[PDB]
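Single-structure report; data block below.
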Amino acid sequence: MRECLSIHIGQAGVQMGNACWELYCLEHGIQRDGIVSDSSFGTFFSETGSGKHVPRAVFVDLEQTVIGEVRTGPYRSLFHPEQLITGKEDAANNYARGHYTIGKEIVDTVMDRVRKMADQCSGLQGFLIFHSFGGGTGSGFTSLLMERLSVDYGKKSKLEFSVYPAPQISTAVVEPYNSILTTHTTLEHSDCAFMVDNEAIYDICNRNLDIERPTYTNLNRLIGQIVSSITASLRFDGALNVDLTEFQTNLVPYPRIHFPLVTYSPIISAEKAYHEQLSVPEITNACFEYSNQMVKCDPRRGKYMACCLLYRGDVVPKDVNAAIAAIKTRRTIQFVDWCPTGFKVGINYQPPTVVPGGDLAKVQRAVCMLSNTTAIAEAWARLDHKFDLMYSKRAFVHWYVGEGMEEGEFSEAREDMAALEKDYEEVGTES
Amino acid sequence: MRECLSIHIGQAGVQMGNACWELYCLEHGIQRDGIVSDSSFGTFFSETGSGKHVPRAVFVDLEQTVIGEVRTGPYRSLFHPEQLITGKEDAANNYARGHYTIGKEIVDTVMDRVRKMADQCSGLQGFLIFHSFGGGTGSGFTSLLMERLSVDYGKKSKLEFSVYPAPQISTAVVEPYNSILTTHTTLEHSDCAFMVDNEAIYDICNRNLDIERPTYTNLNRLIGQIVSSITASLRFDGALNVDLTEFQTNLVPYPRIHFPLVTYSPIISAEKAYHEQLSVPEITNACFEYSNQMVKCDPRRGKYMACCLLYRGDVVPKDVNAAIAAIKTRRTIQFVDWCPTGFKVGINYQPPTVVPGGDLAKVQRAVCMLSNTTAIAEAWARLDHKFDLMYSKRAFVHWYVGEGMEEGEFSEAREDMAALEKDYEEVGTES
Amino acid sequence: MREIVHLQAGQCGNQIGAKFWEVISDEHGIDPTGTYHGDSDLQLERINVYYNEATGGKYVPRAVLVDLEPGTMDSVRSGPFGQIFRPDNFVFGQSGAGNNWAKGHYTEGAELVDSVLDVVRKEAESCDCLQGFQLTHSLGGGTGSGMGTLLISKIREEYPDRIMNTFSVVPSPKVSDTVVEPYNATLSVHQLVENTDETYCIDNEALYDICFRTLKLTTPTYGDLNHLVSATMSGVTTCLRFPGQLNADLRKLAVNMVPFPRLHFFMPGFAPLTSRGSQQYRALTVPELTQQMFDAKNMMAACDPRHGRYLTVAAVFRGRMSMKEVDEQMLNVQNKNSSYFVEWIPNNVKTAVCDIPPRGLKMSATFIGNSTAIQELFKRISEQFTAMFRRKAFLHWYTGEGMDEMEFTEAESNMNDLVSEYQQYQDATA
Amino acid sequence: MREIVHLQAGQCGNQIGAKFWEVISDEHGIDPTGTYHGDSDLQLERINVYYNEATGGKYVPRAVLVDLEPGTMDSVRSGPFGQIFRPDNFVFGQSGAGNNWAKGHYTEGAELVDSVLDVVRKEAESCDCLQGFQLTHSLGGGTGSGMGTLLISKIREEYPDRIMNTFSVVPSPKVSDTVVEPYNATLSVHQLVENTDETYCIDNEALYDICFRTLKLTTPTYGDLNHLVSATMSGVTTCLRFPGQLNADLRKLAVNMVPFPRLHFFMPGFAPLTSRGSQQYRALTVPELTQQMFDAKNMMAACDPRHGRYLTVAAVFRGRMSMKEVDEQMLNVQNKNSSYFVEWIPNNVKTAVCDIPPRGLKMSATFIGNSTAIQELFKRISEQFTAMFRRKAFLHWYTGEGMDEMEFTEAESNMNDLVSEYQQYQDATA
Ligand SMILES: Nc1nc2c(ncn2[C@@H]2O[C@H](COP(=O)(O)OP(=O)(O)OP(=O)(O)O)[C@@H](O)[C@H]2O)c(=O)[nH]1
Ligand SMILES: Nc1nc2c(ncn2[C@@H]2O[C@H](COP(=O)(O)OP(=O)(O)OP(=O)(O)O)[C@@H](O)[C@H]2O)c(=O)[nH]1
Ligand SMILES: Nc1nc2c(ncn2[C@@H]2O[C@H](COP(=O)(O)OP(=O)(O)O)[C@@H](O)[C@H]2O)c(=O)[nH]1
Ligand SMILES: Nc1nc2c(ncn2[C@@H]2O[C@H](COP(=O)(O)OP(=O)(O)O)[C@@H](O)[C@H]2O)c(=O)[nH]1
Ligand SMILES: [Mg+2]
Ligand SMILES: [Mg+2]
C-alpha cells in the first residue's frame, strides 16, 4: 500500500479538500505548519527531508478566489506553492469553457505537476478526484483530466467524489447540461464515483445532528469523514484491510455501473450521544435506512448490487458477521438475484478522530458504507427529464456552442445517458 | 590539473567576469582585498609571494566605462592593474571596428599580457573566453584573439562562454551581422562554446526563481554558477574528476559541431526550497526539461549527441547511475542513433556556495548539464533568416565596409554558416 | 531429520502464520529473539523440523512470507515475534491484488513468482531430508487464492515426490467478507483439486461458533481464531517433532486419509476446548475428548458431518495417554455411529499418539475427517458461481487481466465433477 | 621469496590501489607510518611479497603510481595511508589525458613511459625472485587504457617469462561514465588480448548491485566499491603471503584457468557478503559460501554466467577449513549445474585453501571464473564501436594524436576474432 493522489478541482472540490486535509493532518498529528510534532502517513504525504510533510495533492481552479483563500489561510505553509494551480477567468458555470477554451490553456500545467508527484511514489494505488458534478470548472476540467490521466495511467484506480445535483435544491440554472455532459466524458474513463447530494446532507444535519444553522463548513467537514473511512485501510492496520483497488473489483459488476452512494454512521450530536449505546448493530442498522444515506434517492425503491461496510474503531469481527447476517434476512432489504454475495466487509483499528469545534460527537466505533444500488437510476432520470425539457427549446445552447463546442455533442450526451438508464433496468431484473 | 586562463572581453564578458570572480573568491575564501584570510586555488589565482592572490585573467574592452567601474569597484585591489586593458573609443556595435580598425591597435597589448600570464604556469589546461555573440567588441575582438591565440597555443583548450542573441528579445539592430561574422571566424579556432540566451535566463528568474525584478546582476550571478560547476573538477577533488580537455573529447563528435547549451539545477528561491526534497532524481530530471535550459531553443524539437552531467555536493554515485538510467529509457528524450553512449558523468565533493544577497537558495546538492543537441540548429536558422533579410537590401553594410572590410566577406560568412546548418542536418539522420 | 518449509500467502495466511509460529516457538522454548530458553532436552531433539540453527543458538524458522503488498507483512515485523524470521524471506511486492484471482495468478503475482522460488529453493537445499511444504492462505482472497495456487503448481512441478499440505480458509455459508468470493474459490479449487495432496478446510463461521458456545468468549478477535487454527496445525505435525507410542507423519496421514486422489479435502477439529467457567466442572479423560472431537458442534467447517458419511477419520492424540482407552473409545464411536461411515471401508479410524502435550494442557487431540458432507460446501460455491457467471456479474475484471471466459466454464465443469464423484461414493454396495 | 610489484594507472587504478594497500597493510599489521605493530609472527613470514623493508622497521610497499595529471595522486598523499609509499615512485605528469586512448598511448604518455620504467626496474632488481606484475586501471579511461597498455607492451618485452595480472574495470552495459568508452575499450583490449596472461574484469554496475541487494548499503561510495575489488585482489595472492593446506600462486591459477592463450579474461567474485541486518540470521559454513560464489547475483561482471558455459573455475578459500566440505560442495556444484561447464574439460574447478582468514572474518572465499558468457561483454562493445566508427563519430580526436584509421579497423577485426573464438568452444564434441 503506497501513495494515492488527490486532485481537488473547482470551488466545491477545493473547499472539500481543505476539510479533508485538515482531517488528515489531525489523524497523523501533523501540525497546521507541516511539522510532525509513523510509517503510514506516506500514502498522502511526502517527507521534505527536513521534518516537513507536504500533502500529495494538486489543487486546480480557473478562478483565484478559492485558492487565494488557501494561500492566505492557516494551511498556507502546508501546500507546495506550485501545486496550487490557479487560472485567470472562471469557467462561468459553462462546461464548454471549462473543457475547450479556458480548460485547454491550463491542462498542461496540471499534468506537469501530476507527473512529478507520481514519479516520487514507489507505488501509486490511484487518484482521488474531488469535484462538483454541476458547475463549469468542476465538471468541464475534470473531464479533461480524466481523459488526460487515462492515456498516461491506464488501469490505475481513478476514484472520484462528486456532488450530484440535488433532486429538489439547485444553485444554478444550467446544471442539467453540465451534469449530463460530464457524465458522458467520465463514464468510460472513471473507475467508480462516490455520489453525495447537498440536500441529503442538509437533512442529516437537521435530523441526526442538532445543528439548525449548517454551512458548507459543516457539509464538507462531514463529507471529509467519508474519504477518511475509505482510505483508512491504506493508512492504518487492522483485520480485513481493504486496499484501494478492491473497491472497483467488488462494487462495479459492469463497467458502466460504477456510481456507489455514500452513507456514514453514527452521526450524532454530543448531547444526544449520552443516551445511546452505539453498539455494532446500532450503527450498522442505521446505514441501511433512508434517513441516513447521503443521496436523497430512496434505497428502498430499488435493489442493491454490492456493498462495502468499512468498519472502524473498537469493533469485533464476530459482531460484524452477526449484524450483516441480520441485514441479509430482511425482506424489505432486497439484493439482486444474480449477486448471491453482496457485502465486502472491512475492519480497521484506528477510531475516527474528533475535529475541535465540530458538530460530531466523539465515537469509539464508526461504520461507513459504500453501496451500488439500482435506486440511483431515479436520480439519473430526473437529470434526463430536466435536460430534454430545456434542450427542446435550446434554453442555453448558444453559450455552450460559442465556446468551441458542437450542437451534436448535446445529442450524443443524452443518447449515452439514455443507455445508462437502460443498463440499470437490465441489471435490475432476473428470471 | 593546473592553470586555466580567463579572458573577459566586452561589456557582457567583463560584467560576467566580475560575477564569476566574486564567486571564485568566496569559494576559496579570498577576501575582496586579495588576502587569503589550500592547494587547489592555484588554477585561477597566482600567489604574489606575500599572501596576496591575483586572478589569472585579462580584462579587455575598447571603452573605459566598464573597466573603469572595476578599477573603482570593491575588487580594485584584486586585479593586476596591467591586466585591466582598456581602449579609447568603443567598437560602436560594429564588428569591422572591433576586428580591423580599433581592434588591431590594442590586440598586441593583450597578447603581451597573455604570454606573461602563460609563462608563470607549470601546466596550462586552456583558456576561458567570456564574450557576447552580438556586439562590436565582444564579437569582433574575440575573433582576433581566437586567431592570435590559435597560432601561439595550437591544440590547447580554448573554451568560450557566448551570449547568443535571444530568438525574440534583442538589444541591437545589427546583431545578425555581428553574430554571423564572429561565428565564421571562431568555428575553425574555438574548441567548444557554451551558449546562453538572455531571454532564456529571464524566463527562469520569473518561473523557477520568484524574482519579479531581475537585473544583469542576477543573470550574470546565475551564469557565474555555470562556470564554477565546469571548473570545480580542476579546483576540487571528488570521484570521477572531469578535466578541462575531457569536454572537447566528449561533447564534440565533429570539429564544426561544438556548441553545447547550458542547463543548471536546482534553481529555487529560499521560500520555495522548504517544500522540496531536492534529491538526486529531483534535480536531475529538471535538467532535461525545456523549462530550465538556458537557451530558448526547445530541446524536445531535436536529438542529443552528448551530455556531461557535472554533479556537485553531497551526491552518491549509485543514485547518479540510477537517475541517468531512467533518463535513457524515456521515449520522449531521444539520443542520436550513431552515439550509443551519450552521458559523461562527473561528480565533485565541494557543494555550491551561497552568495550573500543572492536570489538562489542554499542547496547541499546541485547538478550542471552541458549538452550538444541538434535542436540548437533552430537557433542558427533564425540568425540566418535575419541576416539575408537585411543583406539583400544592404541594410547596414556601409558602416562595415568603411572600416576596412570587404563586401565579399559577408557572402563568405553566410556560406560558411549555411554549411553549418547542413552539418546538423546530416548528423541528425541515420539509416 | 524430517523437515518442512512453511509458506504463508496473503493477509489470512500471514496472520495465521504469525500466530502459528508463536505457538510452535513456545512449545520448543524459543525466546522471541530466536534464542533457546527451554527446560526439556526433548525440544531440541527435532527442532530441525521447523528451525534452521544459526550461529549463537539463534534458531531461524524456515518460513516464506509472501504478500503482493507490504501492509500485512509490515505489521508482522513489528509484532512480538517479528524479529525471529529471516529478513530475506519477506518477499513482498508493491501492487496488492484487488481481491481478484486473475491479478494474483497471471499479471502481478506472476512477476513475483520467480522471486519466491529463489527463497524456497535455498530452504529446500538447507534441509537434509525434506518431507513436504505447507501453505496457509484463504480461498476467498486475491493474493492467497491467486499466488497460492500459482506457487502450488510451480513447486509441484519441481517437487512431485514430496508432500504439500494446504490449510485453506474457505468462504463461510451465511456471512461473506468479499463480494467476488465465488469466482476466486471456484478457480482456486480447480488448481488445488489436482495439485495438492491434502487440504484442511476452515471457515470463520464455524470458528465464531466455537468461541461463542464451546468457549464462552464474549469478544473473539482474529488473535483468538488463529490460535485454534494454529493448535490444529501444530497437532498434525506433533509426531515429527516429538516421540510417542504410535507415530504418524504427514505422509502417513495422507495415505490413510485419502481413498481417491481427488477426494483430498478434509475438515479439522480440536479438543479439549473448555471455557474457564466450565473448566472446573469437566474431567479431562480420553472418553471426554473422543465425544467432543466427533461432535458436529466442534468441527471447524460449516458443513454438518451428520448430513453425510465419513470415508476416513484420523485422531492425533498428545500427552500421557492410555492406548486401551483410545482403542475402546474409537471402538465405541465406530459402533455407536454405525451409519456415519461408508461400509466399503471396514475401518475408518487412523490413530496416533504423542508423548508431549500442548502448552499447559496435560492431554489433547486433533481431529481430521474426510467426510462426504464437504460436497455440500462445493455445492453452494458452484450455485453462487453460476448465479453470477450466468450474466457475467464481475467477469470484466478477470477478463481484463488476461483470463479467458473458457477458463471459468472449465473450472465450473471440473468443480461439478468433484461433487458428482463425492456423491458416487456416498452410495453403498448393498 | 616470491615477490610482486604493483602498478596503478589513472584515477581508477590509483584509487583502487589506495584502498588495496589499506587492506594489505592492515592484514600484515602495518602502522600507517610504515611501522609494524602486528600480533602474529606469521605476518612477517612473507611480508617480502609486497613490502621492501627499510631501516627502522619501516616497510615500504613497492608500488608504482602513474597518472598523467597530479590531481588524483595528490589526494593519495594526503590520505590516511599516504605516508607509506616511497615519494620517488609517484611518477606524475602535468598534461592529463583527455579520456582518449591516443593521447595516453602515443603523444603524452609516451613521454612519461621512460620515467616509469626507471622506477619499475629498481623495484624488480630489489626482488630476489620476481613472480609477476599487477596493473590496476580502467578500460574506459584515457590514461589507464592508454598508459596501461603502453606499460604492458613495454614490460612484456622486458619480462616475457614473468606473469602480469590486470585488474581492469570494464564499461558497464547500461550506464556509462564516458562518451567515448567504446573507442578506448576496443583499442585497449586489442593490446591486452595478446600481452597479458590473466585479466580480472570488473564493472561498477555489478558492484552497485551487490551493495544494493547483497549488502543492503543505502549510500555506496567508491570508498565501498574499491573495498570489494581489493578484497578479491587480496584473495588471489593469499597463498603467496600465508601458508595453507593446498596453495596456489599466481602462476598456478593462470595455468589451470587459461585453456587457450587468448581466452584469458575472467570474472571475479567474493564471499561472504552479508548485511549487518542479515548477518545474525546466516550460518557461516563452507556449504553456504559455495552457493553464493556460484550465484550469478554475486558476480562482479555484468554478463550473466547462466547465458554461457564455464571453461575453468577457481575458488580460493581462506581461514580454518575442512577439505572434505570443500570437495563435497565442489562436487555438488559440478553435478547440480551439469550444463554450466563445457564437457571437453572433464573437471573445471581448481581449489586452493589458506590458513589465515581476512580481516575479522573467520572464513572467506574468492571466486574466479573463465566463463564464455564474457563474449557478450565484448559483443556489446563491438556493437557500440561500429555504431560510432561507421561515420567517424569522435575519430578526429584520435587521428589528431598520430593514430591512423587503419588501426581502428585492425582493433575491430581483432576484437571480432575473440568473440568468434569464444563462440567456437561454447560448442560440444557431441
Ligand atoms: N458540499 C459542498 N458543495 C459545494 C461546495 N461549494 C460548491 N458546492 C457545489 O457546487 C455547485 C456548483 O458548482 P461549483 O463547484 O460551485 O462551481 P465550480 O466547481 O467552481 O465551477 P465554476 O462554474 O467555474 O465556478 C453548487 O450547486 C454547490 O452545491 C462546498 O463547499 N461543499
Ligand atoms: N547576460 C548578460 N548579457 C549582457 C550583459 N551586458 C551586455 N550583455 C549583452 O551584450 C549584448 C550587446 O553586446 P555588448 O556586450 O553589450 O557590447 P560590447 O561587448 O561591449 O561591444 P561594443 O559594441 O563595442 O559595445 C546585449 O544584447 C546584451 O544582451 C550582462 O551583463 N549580462
Ligand atoms: N481465520 C482468519 N481468516 C482471515 C484472517 N484475516 C483474513 N481472513 C480471511 O481472508 C479473507 C480475505 O482474503 P485475503 O487473504 O485477506 O485477501 P488476500 O490478501 O489477497 O489474500 C476473508 O474472507 C477473511 O475471512 C485471520 O486473521 N484469520
Ligand atoms: N570501481 C571504481 N571505478 C572507478 C573509480 N574511479 C573511476 N572509476 C572508473 O574510471 C572510469 C573513468 O576512467 P579514468 O580512469 O578516470 O580515466 P583516466 O584517469 O584517464 O585513466 C569511469 O568509467 C569509472 O567507472 C573508483 O574509485 N572505483
Ligand atoms: Mg468557479
Ligand atoms: Mg562596448
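Simple scheme: letters A, B, ... for chains in C-alpha cells order, numbers from 1 for residues in each chain, numbers from 1 for ligands in the order shown.
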Close residues to ligand 5 using only C-alpha atoms and all ligand atoms, limit 9 Å, as an mmCIF file with N, CA, C and O atoms, in the first residue's frame:
```cif
data_model
loop_
_atom_site.group_PDB
_atom_site.id
_atom_site.type_symbol
_atom_site.label_atom_id
_atom_site.label_comp_id
_atom_site.auth_asym_id
_atom_site.auth_seq_id
_atom_site.Cartn_x
_atom_site.Cartn_y
_atom_site.Cartn_z
ATOM 1 N N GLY A 10 -12.198 22.761 -8.823
ATOM 2 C CA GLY A 10 -13.389 23.557 -8.631
ATOM 3 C C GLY A 10 -13.538 24.048 -7.204
ATOM 4 O O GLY A 10 -12.847 23.618 -6.280
ATOM 5 N N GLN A 11 -14.474 24.981 -7.028
ATOM 6 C CA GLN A 11 -14.723 25.534 -5.701
ATOM 7 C C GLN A 11 -15.223 24.460 -4.745
ATOM 8 O O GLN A 11 -14.799 24.406 -3.585
ATOM 9 N N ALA A 12 -16.128 23.600 -5.211
ATOM 10 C CA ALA A 12 -16.636 22.529 -4.360
ATOM 11 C C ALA A 12 -15.517 21.582 -3.949
ATOM 12 O O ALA A 12 -15.343 21.284 -2.762
ATOM 13 N N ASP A 61 -8.022 25.300 -10.045
ATOM 14 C CA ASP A 61 -9.239 26.064 -10.261
ATOM 15 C C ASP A 61 -8.972 27.120 -11.320
ATOM 16 O O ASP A 61 -7.831 27.548 -11.518
ATOM 17 N N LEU A 62 -10.035 27.535 -12.001
ATOM 18 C CA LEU A 62 -9.949 28.564 -13.027
ATOM 19 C C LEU A 62 -10.149 29.968 -12.470
ATOM 20 O O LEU A 62 -10.094 30.935 -13.237
ATOM 21 N N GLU A 63 -10.378 30.103 -11.166
ATOM 22 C CA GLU A 63 -10.534 31.398 -10.517
ATOM 23 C C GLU A 63 -9.649 31.444 -9.282
ATOM 24 O O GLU A 63 -9.607 30.485 -8.505
ATOM 25 N N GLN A 64 -8.947 32.564 -9.104
ATOM 26 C CA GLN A 64 -8.009 32.707 -7.997
ATOM 27 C C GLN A 64 -8.705 32.830 -6.647
ATOM 28 O O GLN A 64 -8.048 32.679 -5.612
ATOM 29 N N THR A 65 -10.015 33.080 -6.630
ATOM 30 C CA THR A 65 -10.685 33.417 -5.378
ATOM 31 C C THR A 65 -10.576 32.286 -4.360
ATOM 32 O O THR A 65 -10.182 32.512 -3.210
ATOM 33 N N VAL A 66 -10.916 31.060 -4.760
ATOM 34 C CA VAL A 66 -10.960 29.962 -3.797
ATOM 35 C C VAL A 66 -9.551 29.571 -3.366
ATOM 36 O O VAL A 66 -9.280 29.386 -2.174
ATOM 37 N N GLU A 89 -9.585 33.478 -15.469
ATOM 38 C CA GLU A 89 -11.019 33.718 -15.541
ATOM 39 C C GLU A 89 -11.765 32.426 -15.248
ATOM 40 O O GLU A 89 -11.407 31.365 -15.772
ATOM 41 N N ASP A 90 -12.801 32.512 -14.417
ATOM 42 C CA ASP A 90 -13.566 31.324 -14.074
ATOM 43 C C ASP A 90 -14.243 30.752 -15.319
ATOM 44 O O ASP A 90 -14.304 31.382 -16.378
ATOM 45 N N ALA A 91 -14.749 29.528 -15.178
ATOM 46 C CA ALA A 91 -15.475 28.871 -16.256
ATOM 47 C C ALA A 91 -16.899 29.387 -16.405
ATOM 48 O O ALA A 91 -17.569 29.034 -17.381
ATOM 49 N N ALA A 92 -17.377 30.206 -15.468
ATOM 50 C CA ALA A 92 -18.691 30.837 -15.574
ATOM 51 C C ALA A 92 -19.800 29.796 -15.693
ATOM 52 O O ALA A 92 -20.768 29.973 -16.435
ATOM 53 N N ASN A 93 -19.658 28.694 -14.960
ATOM 54 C CA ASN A 93 -20.662 27.637 -14.916
ATOM 55 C C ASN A 93 -20.913 27.026 -16.289
ATOM 56 O O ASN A 93 -21.933 26.364 -16.501
ATOM 57 N N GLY A 135 -21.376 22.338 -12.521
ATOM 58 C CA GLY A 135 -20.534 23.517 -12.475
ATOM 59 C C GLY A 135 -19.595 23.550 -13.660
ATOM 60 O O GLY A 135 -19.367 22.558 -14.347
ATOM 61 N N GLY A 136 -19.029 24.728 -13.901
ATOM 62 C CA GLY A 136 -18.138 24.918 -15.027
ATOM 63 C C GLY A 136 -16.816 24.196 -14.876
ATOM 64 O O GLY A 136 -16.521 23.262 -15.627
ATOM 65 N N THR A 137 -16.009 24.624 -13.905
ATOM 66 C CA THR A 137 -14.684 24.039 -13.729
ATOM 67 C C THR A 137 -14.774 22.622 -13.176
ATOM 68 O O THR A 137 -14.082 21.713 -13.651
ATOM 69 N N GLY A 138 -15.625 22.413 -12.172
ATOM 70 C CA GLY A 138 -15.709 21.122 -11.509
ATOM 71 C C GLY A 138 -16.221 19.999 -12.386
ATOM 72 O O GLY A 138 -16.073 18.830 -12.011
#
```
For this session: Determine which residues of stretch 261-429 of chain C DSSP labels as alpha helix (DSSP H) from the backbone of this structure, then write them out as a PyMOL selection string.
Result: chain C and resi 276-279+286-293+323-336+374-389+395-399+405-425
Near chain B, 7 Å: chain D residue rows, closest pairs, only C-alpha atoms, as CSV:
```
residue,atom,partner,partner_atom,distance
D:69,CA,B:1,CA,5.9
D:70,CA,B:1,CA,6.4
D:71,CA,B:1,CA,5.9
D:94,CA,B:123,CA,6.0
D:95,CA,B:123,CA,6.8
D:98,CA,B:246,CA,4.6
D:99,CA,B:246,CA,6.0
D:174,CA,B:325,CA,6.9
D:175,CA,B:321,CA,5.9
D:176,CA,B:343,CA,6.7
D:177,CA,B:345,CA,4.9
D:178,CA,B:344,CA,4.5
D:179,CA,B:341,CA,5.3
D:180,CA,B:250,CA,6.4
D:208,CA,B:318,CA,6.4
D:219,CA,B:316,CA,6.3
D:220,CA,B:318,CA,6.7
D:221,CA,B:316,CA,6.3
D:384,CA,B:340,CA,6.0
D:387,CA,B:338,CA,5.1
D:388,CA,B:338,CA,5.2
D:393,CA,B:253,CA,5.1
D:394,CA,B:253,CA,4.4
D:397,CA,B:249,CA,6.7
```
Could you list the residues in chain D lying within 12 Å of chain C, using only C-alpha atoms, and format the result as an mmCIF file with N, CA and C atoms, in the first residue's frame?
```cif
data_model
loop_
_atom_site.group_PDB
_atom_site.id
_atom_site.type_symbol
_atom_site.label_atom_id
_atom_site.label_comp_id
_atom_site.auth_asym_id
_atom_site.auth_seq_id
_atom_site.Cartn_x
_atom_site.Cartn_y
_atom_site.Cartn_z
ATOM 1 N N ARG D 213 21.545 -4.972 -2.977
ATOM 2 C CA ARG D 213 20.757 -6.109 -2.513
ATOM 3 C C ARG D 213 21.546 -7.096 -1.667
ATOM 4 N N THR D 214 22.775 -7.429 -2.058
ATOM 5 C CA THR D 214 23.554 -8.411 -1.315
ATOM 6 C C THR D 214 24.118 -7.851 -0.018
ATOM 7 N N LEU D 215 24.228 -6.528 0.107
ATOM 8 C CA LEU D 215 24.808 -5.912 1.292
ATOM 9 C C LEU D 215 23.914 -4.862 1.935
ATOM 10 N N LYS D 216 22.808 -4.477 1.299
ATOM 11 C CA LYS D 216 21.842 -3.548 1.882
ATOM 12 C C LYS D 216 22.525 -2.269 2.364
ATOM 13 N N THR D 274 27.456 -10.128 3.542
ATOM 14 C CA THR D 274 26.214 -10.143 4.301
ATOM 15 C C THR D 274 26.023 -8.793 4.969
ATOM 16 N N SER D 275 24.804 -8.266 4.881
ATOM 17 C CA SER D 275 24.459 -7.049 5.594
ATOM 18 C C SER D 275 24.396 -7.313 7.095
ATOM 19 N N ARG D 276 24.626 -6.254 7.873
ATOM 20 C CA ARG D 276 24.604 -6.400 9.324
ATOM 21 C C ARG D 276 23.238 -6.857 9.815
ATOM 22 N N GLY D 277 22.172 -6.497 9.101
ATOM 23 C CA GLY D 277 20.857 -6.998 9.459
ATOM 24 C C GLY D 277 20.731 -8.495 9.252
ATOM 25 N N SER D 278 21.243 -8.997 8.132
ATOM 26 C CA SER D 278 21.164 -10.412 7.797
ATOM 27 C C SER D 278 22.356 -11.214 8.301
ATOM 28 N N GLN D 279 23.342 -10.564 8.920
ATOM 29 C CA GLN D 279 24.499 -11.293 9.426
ATOM 30 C C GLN D 279 24.090 -12.287 10.505
ATOM 31 N N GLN D 280 23.189 -11.880 11.399
ATOM 32 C CA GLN D 280 22.805 -12.738 12.514
ATOM 33 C C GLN D 280 22.060 -13.980 12.047
ATOM 34 N N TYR D 281 21.303 -13.876 10.958
ATOM 35 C CA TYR D 281 20.397 -14.934 10.535
ATOM 36 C C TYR D 281 21.060 -15.985 9.655
ATOM 37 N N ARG D 282 22.340 -15.837 9.333
ATOM 38 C CA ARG D 282 23.023 -16.741 8.418
ATOM 39 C C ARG D 282 24.159 -17.456 9.135
ATOM 40 N N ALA D 283 24.280 -18.754 8.879
ATOM 41 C CA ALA D 283 25.382 -19.548 9.398
ATOM 42 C C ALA D 283 26.566 -19.466 8.445
ATOM 43 N N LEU D 284 27.768 -19.387 9.012
ATOM 44 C CA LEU D 284 28.996 -19.246 8.231
ATOM 45 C C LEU D 284 29.652 -20.619 8.134
ATOM 46 N N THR D 285 29.346 -21.331 7.053
ATOM 47 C CA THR D 285 29.905 -22.648 6.796
ATOM 48 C C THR D 285 30.228 -22.764 5.313
ATOM 49 N N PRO D 287 29.370 -24.866 3.002
ATOM 50 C CA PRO D 287 28.248 -25.007 2.060
ATOM 51 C C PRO D 287 27.587 -23.686 1.719
ATOM 52 N N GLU D 288 27.437 -22.785 2.690
ATOM 53 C CA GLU D 288 26.802 -21.502 2.406
ATOM 54 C C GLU D 288 27.656 -20.654 1.472
ATOM 55 N N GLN D 291 27.452 -21.730 -2.370
ATOM 56 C CA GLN D 291 26.256 -21.328 -3.103
ATOM 57 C C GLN D 291 26.356 -19.880 -3.570
ATOM 58 N N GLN D 292 26.862 -18.996 -2.713
ATOM 59 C CA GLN D 292 26.901 -17.575 -3.041
ATOM 60 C C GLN D 292 27.910 -17.290 -4.146
ATOM 61 N N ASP D 295 26.583 -18.057 -7.336
ATOM 62 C CA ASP D 295 25.358 -17.332 -7.633
ATOM 63 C C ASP D 295 25.649 -16.217 -8.628
ATOM 64 N N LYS D 297 24.085 -13.623 -8.983
ATOM 65 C CA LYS D 297 23.822 -12.346 -8.336
ATOM 66 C C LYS D 297 25.048 -11.773 -7.638
ATOM 67 N N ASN D 332 29.112 -31.064 -5.549
ATOM 68 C CA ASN D 332 27.702 -30.727 -5.721
ATOM 69 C C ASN D 332 27.508 -29.742 -6.868
ATOM 70 N N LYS D 336 25.211 -30.686 -9.944
ATOM 71 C CA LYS D 336 23.940 -29.973 -9.988
ATOM 72 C C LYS D 336 23.854 -29.082 -11.221
#
```
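Each of B:36, B:23, B:273, B:149 was compared to chain A using only C-alpha atoms, and B:273 turns out to be the nearest.
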Problem set entry | Expected selection as a PyMOL selection string for ligand 3 within 8 Å, only C-alpha atoms and all ligand atoms | (chain A and resi 239-241) or (chain C and resi 9-13+15-16+67-68+96-100+104+137-146+169-172+176-178+181+202-204+207+222-223+225-226+229)
Problem set entry | Per-residue DSSP, stretch 342-413 of chain B, filtered to strand (DSSP E), as a list in words | residues 346, 347, 348, 365, 366, 367, 368, 369, 370, 371, 372 and 373 of chain B
Residue subset to file, keeping N, CA, C and O atoms, as a CSV table (one decimal), in the first residue's frame:
```csv
chain,number,residue,atom,x,y,z
B,346,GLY,N,30.2,13.3,-14.1
B,346,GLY,CA,31.2,13.9,-13.3
B,346,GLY,C,30.7,14.3,-12.0
B,346,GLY,O,29.7,15.0,-11.9
B,347,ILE,N,31.4,14.0,-10.9
B,347,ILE,CA,31.0,14.2,-9.5
B,347,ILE,C,32.1,14.9,-8.8
B,347,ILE,O,33.3,14.6,-8.9
B,348,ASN,N,31.7,15.8,-7.9
B,348,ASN,CA,32.6,16.6,-7.1
B,348,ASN,C,32.0,16.7,-5.7
B,348,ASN,O,30.8,16.7,-5.5
B,365,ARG,N,23.2,20.1,-2.7
B,365,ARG,CA,23.3,19.2,-3.8
B,365,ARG,C,22.9,19.9,-5.1
B,365,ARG,O,21.7,20.4,-5.2
B,366,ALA,N,23.7,19.9,-6.1
B,366,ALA,CA,23.4,20.6,-7.4
B,366,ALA,C,24.0,19.8,-8.5
B,366,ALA,O,25.0,19.0,-8.4
B,367,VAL,N,23.5,20.1,-9.7
B,367,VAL,CA,23.9,19.4,-10.9
B,367,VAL,C,23.9,20.5,-12.1
B,367,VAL,O,23.0,21.3,-12.2
B,368,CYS,N,24.9,20.4,-12.9
B,368,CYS,CA,25.1,21.2,-14.1
B,368,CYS,C,25.2,20.4,-15.3
B,368,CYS,O,26.1,19.5,-15.3
B,369,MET,N,24.5,20.6,-16.4
B,369,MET,CA,24.5,19.8,-17.6
B,369,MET,C,25.0,20.6,-18.8
B,369,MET,O,24.5,21.8,-19.0
B,370,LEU,N,25.9,20.1,-19.5
B,370,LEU,CA,26.3,20.6,-20.8
B,370,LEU,C,25.9,19.6,-21.9
B,370,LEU,O,26.4,18.4,-21.8
B,371,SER,N,25.1,20.0,-22.8
B,371,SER,CA,24.5,19.1,-23.8
B,371,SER,C,24.7,19.6,-25.2
B,371,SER,O,24.5,20.8,-25.4
B,372,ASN,N,25.1,18.7,-26.1
B,372,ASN,CA,25.2,19.1,-27.5
B,372,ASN,C,24.0,18.5,-28.3
B,372,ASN,O,24.0,17.3,-28.6
B,373,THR,N,23.0,19.4,-28.5
B,373,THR,CA,21.8,18.9,-29.1
B,373,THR,C,21.6,19.5,-30.5
B,373,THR,O,21.9,20.7,-30.7
```
